[PDB]
Amino acid sequence: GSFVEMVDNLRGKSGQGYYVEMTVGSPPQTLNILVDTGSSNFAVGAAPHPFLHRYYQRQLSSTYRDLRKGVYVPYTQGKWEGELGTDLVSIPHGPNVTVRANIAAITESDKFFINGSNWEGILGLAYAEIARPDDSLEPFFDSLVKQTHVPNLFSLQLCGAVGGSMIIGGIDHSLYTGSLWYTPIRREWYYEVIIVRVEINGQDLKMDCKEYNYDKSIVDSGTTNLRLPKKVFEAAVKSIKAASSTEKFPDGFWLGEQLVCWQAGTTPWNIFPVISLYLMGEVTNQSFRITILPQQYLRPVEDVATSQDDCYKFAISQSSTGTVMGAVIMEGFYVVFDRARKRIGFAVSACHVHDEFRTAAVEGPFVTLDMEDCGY
Ligand SMILES: COc1ccc([C@]2(c3cccc(-c4cncnc4)c3)N=C(N)c3nc(C)sc32)cc1
């Protein structure tokens with residue numbers, strides 16, 4: 001189970017996440033599982049559902065153990081309920097290991113599963129602090145490290161059109177170019193980070209840096225968009241509108257609700273600005289920036305019916321729960337979740353976004369002598 005054998009182990013559909021193949025139980029039941037750095041439960045469909053092609057059948061697994069504990073998770077956009085237990089788990093295109101792990105067998109859900117996503121469960125890769133029902137439910141990755149010699153790190157290379165790679169236990173140098181820049185993990189719950197500066201087409205938003213991290217900033221492969229706190233979102237939209245003024249779009253487009261379409265191959269990329277997110281470096285008042293092109297923040301919506309054109313959703317949205325550097329931000333970068341060193345690394349990946357004029361980039365270092373602490 002070498003890193004080369006882990007390459008291209010992810011698949012996905014635009015706006016529906018990225019999934020990896022896993023097996024649960026004995027004999028192994030194959031399931032596609034969403035790779036989620038924004039949550040901490042291993043939760044799998046375990047009962048028929050109109051959007052499930054397959055589900056975990058506990059009665060067919062002779063290694064299943066019921067923990068006699070239920071779990072009820074109402075969340076902002078939906079809900080899932082289930083039963084806790086443990087069973088044997090493997091990642092066929094991951095490390096060459098089998099571990100016993102906690103599994104929440106989802107028995108009922110609302111707005112959780114997606115029509116045609118091709119995934120049947122979620123692999124929450126964040127820390128025990130946000131596990132449900134509480135922190136005593138050991139997350140999968142923690143179990144994996146405890147039971148094997150797998151180093152305490154994984155990396156994600158998410159690619160747009162989807163596919164990509166999840167490298168467990170290491171860094172695959174063939175999936176990135178240039179330097180890998182590290183930002184500290186501020187607290188071990190979500191993958192919390194600090195944004196110290198935001199520019200739109202090189203123009204600083206000029207806010208107190210605490211505004212960018214109101215109330216936390218996270219790296220979440222389980223959220224599609226770049227989600228920004230109200231104040232930040234409003235200033236970002238004003239700036240992107242000023243840059244793209246040669247064309248006027250409905251308020252619906254800016255709300256992330258409606259499509260913007262152009263005749264196939266004519267998307268005016270040049271009228272949309274680049275977004276620079278400056279992340280806190282490993283040393284005092286040093287930072288580095290990741291640059292986000294419109295090829296990332298204008299998410300393409302595949303639909304045979306609209307296929308005479310190239311249609312997109314605006315993949316930046318308002319948040320009341322802090323900044324979320326979602327899938328559209330991670331795409332085109334090689335993101336290293338260095339749990340062992342409490343840091344997240346960013347580098348330009350092989351599948352980075354670019355055109356004839358501009359490219360996604362990871363640049364540093366930048367120094368800021370006039371710096372307060374940017375954390376909330
Ligand atoms: C332990 O309980 C939970 C586990 C995961 C989720 C969740 C999620 C849930 C279902 C589908 C997705 C998803 C949908 N579309 C695209 N990507 C991921 C995300 N994963 C996230 N990162 C996330 N963020 C939300 C605001 S909901 C949600 C919510 C609850």
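Numbers here simply count residues along the sequence, with the first being 1.
- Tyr18 and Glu331 share a donor-acceptor pair across their side chains, judged by distance under 3.5 Å alone.
- Between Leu84 and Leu137 the shortest side-chain heavy-atom distance falls below 4.5 Å.
- The distance from atom CD1 of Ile344 to atom OG of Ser155, rounded to the nearest 0.5 Å, is 12.5 Å.
- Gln29 has its side chain within reach of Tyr56: a pair of non-hydrogen atoms, C-beta onward, lies under 4.5 Å apart.
- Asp303 contributes a side-chain N or O that, together with a main-chain N or O of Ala305, makes up a donor-acceptor pair within less than 3.5 Å.
- Ion pair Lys231/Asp208 not flagged as a salt bridge, since none of the NZ, NE, NH1 or NH2 atoms sits closer than 4.0 Å to an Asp/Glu carboxylate oxygen.
- Residues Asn285 and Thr368 have side chains that never bring a donor and an acceptor to within less than 3.5 angstrom of each other.
- One finds the CG atom of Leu226 at 4.0 Å from the CG atom of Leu228 (value rounded to the nearest 0.5 Å).
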Given the rule in the salt bridge (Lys or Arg N to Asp or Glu O under 4.0 Å) test, do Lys79 and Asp110 qualify, once you have shown the distances and angles that lead to the verdict? CA-CA 5 Å; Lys79 42 179 104 282; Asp110 178 52; 5.7 Å; no
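- Once rounded to the nearest 0.5 Å, the distance linking OG of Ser349 with CZ of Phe333 reads 8.5 Å.
- The residues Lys216 and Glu192 are annotated as not salt-bridged, no charged nitrogen and carboxylate oxygen being separated by less than 4.0 angstrom.
- Between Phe113 and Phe51, a ring centre-to-centre spacing not shorter than 6.0 Å is recorded.
- Panel note: side chain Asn225, backbone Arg227; no donor-acceptor pair is recorded below 3.5 Å.
- With respect to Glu83 and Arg58, no salt bridge is recorded, no charged nitrogen being found less than 4.0 Å from a carboxylate O.
- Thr323 and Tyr212 share no donor-acceptor pair across their side chains, judged by distance under 3.5 Å alone.
- In this structure, a donor-acceptor pair under 3.5 Å is present between the side chains of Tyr19 and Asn118.
- The closest side-chain donor-acceptor pair between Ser14 and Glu302, if any, does not fall under 3.5 angstrom.
- Using a 3.5 Å distance cut-off with no hydrogens or angles, the side chains of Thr267 and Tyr312 do pair a donor with an acceptor.
- A salt bridge between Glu234 and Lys238 is absent, with no side-chain N of the basic residue lying under 4.0 Å from a carboxylate O of the acidic one.
- Taking the side chain as every heavy atom from C-beta outward, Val193 and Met280 never approach each other to under 4.5 Å.
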